[PDB]
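Visitor: Structure below; questions to follow.
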Amino acid sequence: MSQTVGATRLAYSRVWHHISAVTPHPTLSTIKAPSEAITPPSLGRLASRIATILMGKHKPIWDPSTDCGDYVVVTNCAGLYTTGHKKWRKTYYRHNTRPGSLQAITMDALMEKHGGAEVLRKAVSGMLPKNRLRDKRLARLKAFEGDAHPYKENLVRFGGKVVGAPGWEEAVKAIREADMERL
Amino acid sequence: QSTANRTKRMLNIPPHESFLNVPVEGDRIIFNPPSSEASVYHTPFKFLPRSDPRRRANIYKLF
Amino acid sequence: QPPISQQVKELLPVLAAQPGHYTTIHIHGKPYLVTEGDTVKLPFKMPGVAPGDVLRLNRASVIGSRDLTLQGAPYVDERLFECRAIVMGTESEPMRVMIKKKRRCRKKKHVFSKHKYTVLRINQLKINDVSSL
Amino acid sequence: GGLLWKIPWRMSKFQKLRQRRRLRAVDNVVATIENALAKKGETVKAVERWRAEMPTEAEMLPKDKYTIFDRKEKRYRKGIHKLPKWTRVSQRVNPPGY
Amino acid sequence: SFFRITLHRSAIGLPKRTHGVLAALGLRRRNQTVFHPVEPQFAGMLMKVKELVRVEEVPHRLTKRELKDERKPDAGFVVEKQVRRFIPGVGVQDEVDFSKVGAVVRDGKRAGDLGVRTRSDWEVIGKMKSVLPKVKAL
Amino acid sequence: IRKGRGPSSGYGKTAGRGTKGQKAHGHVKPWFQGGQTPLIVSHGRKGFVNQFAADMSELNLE
RNA sequence: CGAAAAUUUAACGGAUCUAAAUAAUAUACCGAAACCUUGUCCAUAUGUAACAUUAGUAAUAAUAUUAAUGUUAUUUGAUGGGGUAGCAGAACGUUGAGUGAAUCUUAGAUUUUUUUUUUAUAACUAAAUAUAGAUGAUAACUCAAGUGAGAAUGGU
RNA sequence: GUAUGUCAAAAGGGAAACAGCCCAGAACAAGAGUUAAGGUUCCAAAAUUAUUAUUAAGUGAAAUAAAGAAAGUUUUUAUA
RNA sequence: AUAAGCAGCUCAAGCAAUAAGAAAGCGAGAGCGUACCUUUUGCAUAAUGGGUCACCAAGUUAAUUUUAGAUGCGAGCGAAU
Ligand SMILES: [K+]
Ligand SMILES: [K+]
Ligand SMILES: [K+]
Ligand SMILES: [Mg+2]
Ligand SMILES: [Mg+2]
Ligand SMILES: [Mg+2]
Ligand SMILES: [Mg+2]
Ligand SMILES: [Mg+2]
Ligand SMILES: [Mg+2]
Ligand SMILES: [Mg+2]
Ligand SMILES: [Mg+2]
Ligand SMILES: [Mg+2]
Ligand SMILES: [Mg+2]
Ligand SMILES: [Mg+2]
Ligand SMILES: [Mg+2]
Ligand SMILES: [Mg+2]
Ligand SMILES: [Mg+2]
Ligand SMILES: [Mg+2]
Ligand SMILES: [Mg+2]
Ligand SMILES: [Mg+2]
Ligand SMILES: [Mg+2]
Ligand SMILES: [Mg+2]
Ligand SMILES: [Mg+2]
Ligand SMILES: [Mg+2]
Ligand SMILES: [Mg+2]
Ligand SMILES: [Mg+2]
Ligand SMILES: [Mg+2]
């Protein structure tokens, strides 16, 4: 029981993560060679990763009942990477229980009214548990079409270097070497 | 779930990767700096008296 | 006995010098991560013990501190640590009733279960000095 | 029929893998029983029949590991998983030609 | 040599004859291990249930008390100190410390025989009004 | 054996009678064999009982 | 491509997937009330020791033992564990009756509740409210039944 | 009708949901325990695990629609 | 008062005692779970029966003929004198 005794303030805090839908991802890409052929994370492979963060499942204290999820700011959703002809052949449906009122729309036609952010919210929404926390978690996914967003100051940092920045890894290893100078 | 045992399995979280690398045919001391905030009882080397022999280089420099 | 590794003989003083220490004792093969002063409630009635008996635990899987961690392949050597506990008595649970029933059958068979549990108290957990070994 | 017995016509790579290991485990039971008797200079009529008219997993074609003969099918072949107790039964040889 | 036969699967949906072959082998429940000599009569008995058991040659037969000792975990504790217990059929057992080593059990029909402090022993301790600890000890 | 006093007793609902038959609703005659003729009819009764014979009380020498 | 049906995408479970498809392979992991381990309950055997009761046989003025029954522990580290129709065994509870001209009760019997503990269809501890000396209650053993109800378009 | 099993009278895991199918026979608890069928990107416990080919149609991915057509594509065997 | 629970079970934040000590109860949130009985090969079935609660309400008695166990007597038993 001692493992849990302590200050759990920072274990439950909301971290503001960031990812660009255009930056190549060696881990979430199916093409891994050559270096120039690596593609960004596909729609479903990016949503599968985000849904894991919104559920807080990346934390060692995850519990499905506690809403220990985090925020995820997705940028460049206009350049959402998709394979095949999904952009023009995939269809989204709707019905309000009135016979004949079946609304259909393609991915590209849906990206003209509400942009690529709406296509990613539907992918993440289906990957989340269908319960009373689905709308709270999906609201923590802030997707934008370009590189601009109001959370450029919220993104988690480490020594002034935003995570995902060019030199963010060096700033982390420098802070841990200073923490070892103690009993 | 239906039973308290089935719930424990669904809510399982595996131990840290450092503990899985268990030695074989021998005992060893591995260095696992946790991703957590240290308490106040880990006095920094700057507050230790000059006489305290515990003053020593970082544990990383010992490996 | 098998000599202790040279790497363990040089880093154990650093492990025993840090503020806090924990251990993963193994009672009948099952692990229990405990610290000096913790109250372990075993899920069984240990036979042949009375409140006030001292037990010497000798099967430790992992003994570590914040930064360092000693791991024995099968188990950590007994000569390195010394963990003891005291039997705090026995405790019981409230009687729970299980009703085994099938649809369209009136017979309801009852199962009354009320198990006892042995409660321990870790009163000593220290790391020995192996300067001589 | 209106009663749904949802059984796919083909097996998955996970079922085919376990099938390979079951065909491989029965080969070790006959090899152990045969080698144990050979050391004593003995023989069993059932063990001599198996080694004579039954192949090993390393000698069977993929179509004999995941399929069986069925005269009611278009091409006289039927998924082996459509056999009763197919997991605890031996089936390795089909009629010649089919 | 012997056959170390272990029942890996069940026969809940196999013909009745398959149960007769498992009963003759002695495999009542799952993962149960039995030892039979290497003979044609036992060999052919395993060819009928070869899809359910795991066979293996062993030099000797393991007794019943030796088959269960290989799945038994180490207790992980050793009683080094005991308190005064009353055994129903043996009498009062005085406290013992195994670390400094003595199970002495005193029985009788009088309190003095049990070896415990009685009311008589408590009155002599109160009348020793002259006992005093050393000056340095205070 | 008190029948009709719950399921756990073992004789609760039908009291060991079965389910909706003639043996559960009413009574079956003892001499009834389903309609098939008994043997005492297909064969007939044999002999007569002597009502005039004396019933001696036997006594042996031993 | 052939391939068209009437509430709605409409037999990938869904999101989605260029494999997270398909074919031929390899390994690790997950995975049931299955199995294992540590304990518990119940049933049925095998010996031994001890505790209690009942009834016998001995001993005792200067306690031992035999048999039955109940119970706990222990030996073989004993064996066994779904269940309808149905069969069988062992118990509890309810009503009245005998021992009973008995036992207990203002130092609180009895109080349809609440609470507490015990392997627990039951009883028990305590608390609160009221106030009975017997037309009150009651253990234990035994006797006899108008003896146990979520089910009958049941009856009041 | 016959042969075998299950259901009936059998809970539990898998087959999205499921009397009869694949596993497995529930006395009660504990365990990142060991396994069967089955599975391991997310819903949802576990591989976005390795190797070699094919498909570009979301074909298909846990209920194979047919004959048949065709400079779709790949391989192999011939052949210029 | 953003939610689609045969209202129970598994996990469980939080609230709850003016005070030393002492947490019953209610429970957000996560998961599992389609009443009961009857009758049927098979029923959540849109098959039968019940508005709820309390009470009444169903293998009993007699004679006769058997079996088992226990026990009395015993080539006699029982009854009655
Ligand atoms: K009926
Ligand atoms: K499709
Ligand atoms: K009645
Ligand atoms: Mg249908
Ligand atoms: Mg019955
Ligand atoms: Mg009957
Ligand atoms: Mg009867
Ligand atoms: Mg009948
Ligand atoms: Mg679909
Ligand atoms: Mg079991
Ligand atoms: Mg069983
Ligand atoms: Mg009252
Ligand atoms: Mg009366
Ligand atoms: Mg009624
Ligand atoms: Mg059966
Ligand atoms: Mg029936
Ligand atoms: Mg079933
Ligand atoms: Mg599935
Ligand atoms: Mg595991
Ligand atoms: Mg997962
Ligand atoms: Mg609300
Ligand atoms: Mg019908
Ligand atoms: Mg109805
Ligand atoms: Mg009605
Ligand atoms: Mg009414
Ligand atoms: Mg009345
Ligand atoms: Mg009545």
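Residue numbers (the working numbering), protein chains in the order written: chain A, -1 to 181; chain B, 1264 to 1326; chain C, 4 to 136; chain D, 2 to 99; chain E, 180 to 317; chain F, 147 to 208. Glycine included, each C-beta is placed from N, C-alpha and C at the ideal position.
In chain E, which residues lie less than 8 Å from D/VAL31 when you measure between Cβ atoms?
Guide: Within 8 Å Cβ-Cβ: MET226, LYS229.
Visitor: Rounded to whole angstroms, what is the Cα-Cα separation between C/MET91 and C/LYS119?
Guide: Computed Cα separation, rounded: 13 Å.
Visitor: Taking C/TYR25 as the query, report the chain A residues whose CB atoms sit under 9 Å from its CB, ordered along the chain.
Guide: Here the neighbours are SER0, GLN1.
Visitor: Below 7 Å, is the gap between the Cβ of D/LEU5 and the nearest heavy atom of ligand 4?
Guide: D/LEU5: yes, Cβ under 7 Å from ligand 4.
Visitor: Helix, strand or coil for C/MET101, going by three-state DSSP, please let me know.
Guide: Correct three-state label for C/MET101: strand.
Visitor: Quick check on DSSP: helix, strand or coil for E/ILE191?
Guide: Note: E/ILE191 maps to coil in three-state DSSP.
Visitor: Nearer than 7 Å: is that true of the beta carbon of F/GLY164 relative to any heavy atom of ligand 8?
Guide: Checking every heavy atom of ligand 8 against the Cβ of F/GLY164, one is found closer than 7 Å.
Visitor: Compare the C-alpha of E/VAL234 against each of D/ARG93, D/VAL48, D/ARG23, D/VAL27 and name the closest.
Guide: Taking only the C-alpha atoms, the option nearest E/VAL234 is D/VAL27.
Visitor: Alpha carbon to alpha carbon, how far is E/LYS195 from D/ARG76? Give it in angstroms, no decimals.
Guide: For D/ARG76 and E/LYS195, the distance between alpha carbons rounds to 34 Å.
Visitor: Using 8 Å as the limit for Cβ to Cβ distance, is E/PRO238 near chain D?
Guide: No, its Cβ sits nowhere closer than 8 Å to a Cβ of chain D.
Visitor: Which residue spans inside the segment 114 to 163 of chain A form an unbroken alpha helix (DSSP H) run of at least 4?
Guide: The segment 114 to 163 of chain A contains these whole alpha helix (DSSP H) runs: 132 to 137.
Visitor: What does C/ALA76 touch in chain E if you count any residue whose Cβ is under 7 Å from its own?
Guide: In chain order: nothing, as chain E lies at least about 15 Å away.
Visitor: Contact criterion: CB-CB distance below 8 Å. Does C/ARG109 meet it with respect to chain F?
Guide: It does; some Cβ of chain F falls within 8 Å.
Visitor: If you follow the alpha helix (DSSP H) that D/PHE70 is in, where does it begin and where does it stop?
Guide: Per DSSP, D/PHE70 belongs to no alpha helix (DSSP H); it is in the beta strand (DSSP E), 68 to 70.
Visitor: Around the C-beta of A/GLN101, are 16 or more other C-beta atoms found within 10 angstroms, so that it is buried, or is it exposed?
Guide: It is exposed - the Cβ of A/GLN101 has fewer than 16 other Cβ atoms within 10 Å.
Visitor: Which residue spans inside the segment 13 to 100 of chain C form an unbroken beta strand (DSSP E) run of at least 3?
Guide: DSSP runs (the beta strand (DSSP E)) wholly in the segment 13 to 100 of chain C: 25 to 30, 33 to 37, 57 to 60, 63 to 67, 71 to 79, 84 to 95.
Visitor: Of the residues that make up the segment 1281 to 1294 of chain B, which ones have a beta carbon closer than 9 Å to any beta carbon in chain C?
Guide: Taking 9 Å as the Cβ-Cβ cut-off against chain C, the residues of the segment 1281 to 1294 of chain B that qualify are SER1281, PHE1282, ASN1284, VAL1285, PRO1286, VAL1287, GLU1288, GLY1289, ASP1290, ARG1291, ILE1292, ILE1293, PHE1294.
Visitor: Measuring only the C-alpha atoms, how far is B/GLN1264 from D/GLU43?
Guide: Their Cα atoms are separated by approximately 56 Å.
Visitor: Can you tell me whether F/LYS175 sits near ligand 8, meaning its C-beta is under 7 Å from at least one heavy atom of the ligand?
Guide: No, the Cβ of F/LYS175 stays beyond 7 Å of every heavy atom of ligand 8.
Visitor: So E/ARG298 is in the alpha helix (DSSP H); what residue range does that whole segment cover?
Guide: Here the alpha helix (DSSP H) through E/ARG298 covers 298 to 306.
Visitor: Check the Cβ-Cβ distances between A/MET53 and every residue of chain B, and say whether any is below 8 Å.
Guide: No, its Cβ sits nowhere closer than 8 Å to a Cβ of chain B.
Visitor: Would you tell me roughly how many angstroms separate the C-alpha atoms of D/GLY3 and C/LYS105, rounded to the nearest one?
Guide: If you take the alpha carbons of D/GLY3 and C/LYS105, they lie about 27 Å apart.
Visitor: For the 8 Å Cβ check, are there 3 or more pairs between the segment 117 to 133 of chain C and the segment 80 to 88 of chain C?
Guide: Segments in contact, yes.
Visitor: If you draw a straight line from the alpha carbon of A/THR37 to that of A/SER27, how long is it in whole angstroms?
Guide: Going by the C-alpha atoms only, they are around 6 Å apart.
Visitor: By a C-beta neighbour count over all protein chains shown, 10 Å radius and 16 as the cutoff for buried, is C/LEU71 buried or exposed?
Guide: With 16 or more Cβ atoms within 10 Å of its Cβ, C/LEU71 is classed as buried.
Visitor: Check distances from the C-beta atoms of the segment 46 to 77 of chain C to those of chain B and list, in chain order, the residues that come in under 8 Å.
Guide: From the segment 46 to 77 of chain C, only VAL65, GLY67, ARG69, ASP70, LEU71, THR72, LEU73, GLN74, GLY75, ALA76 have a Cβ closer than 8 Å to chain B.
Visitor: Do you know how far the Cα of C/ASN131 is from the Cα of A/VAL72?
Guide: Answer to the nearest angstrom: the Cα atoms are 54 Å apart.
Visitor: Please specify which runs of the beta strand (DSSP E), each continuous and at least 3 residues long, are wholly inside the segment 181 to 235 of chain E, giving them in chain order.
Guide: Segments of the beta strand (DSSP E) lying fully in the segment 181 to 235 of chain E: 181 to 186, 212 to 216.
Visitor: Inspect the beta-carbon positions of A/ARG135 and A/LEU52 and report whether they are closer than 8 Å.
Guide: Cβ distance < 8 Å, so A/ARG135 and A/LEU52 count as in contact.
Visitor: Beta strand (DSSP E) containing C/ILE130: first to last residue?
Guide: That run of the beta strand (DSSP E) goes 119 to 130.
Visitor: So for B/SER1281, helix, strand or coil by DSSP?
Guide: Here B/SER1281 sits in helix by DSSP.
Visitor: Given that C/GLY40 touches chain E, what residues does it touch there, using C-beta distances under 8 Å?
Guide: In chain order: nothing, as chain E lies at least about 18 Å away.
Visitor: Quick check on D/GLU60: buried or exposed, where buried means 16 or more other Cβ atoms within 10 Å of its Cβ?
Guide: Label assigned to D/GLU60: exposed.
Visitor: Measuring CA to CA, which of D/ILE69, D/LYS73, D/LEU62 is closest to D/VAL90?
Guide: If we check each option's Cα against that of D/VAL90, D/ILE69 comes out closest.
Visitor: With 16 as the cutoff for other CB atoms within 10 Å, does D/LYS41 come out buried or exposed?
Guide: Answer is exposed; the Cβ neighbour count stays below 16.
Visitor: Between the segment 132 to 148 of chain A and the segment 57 to 75 of chain A, do at least 3 Cβ pairs fall closer than 8 Å?
Guide: Verdict: yes, contact present.
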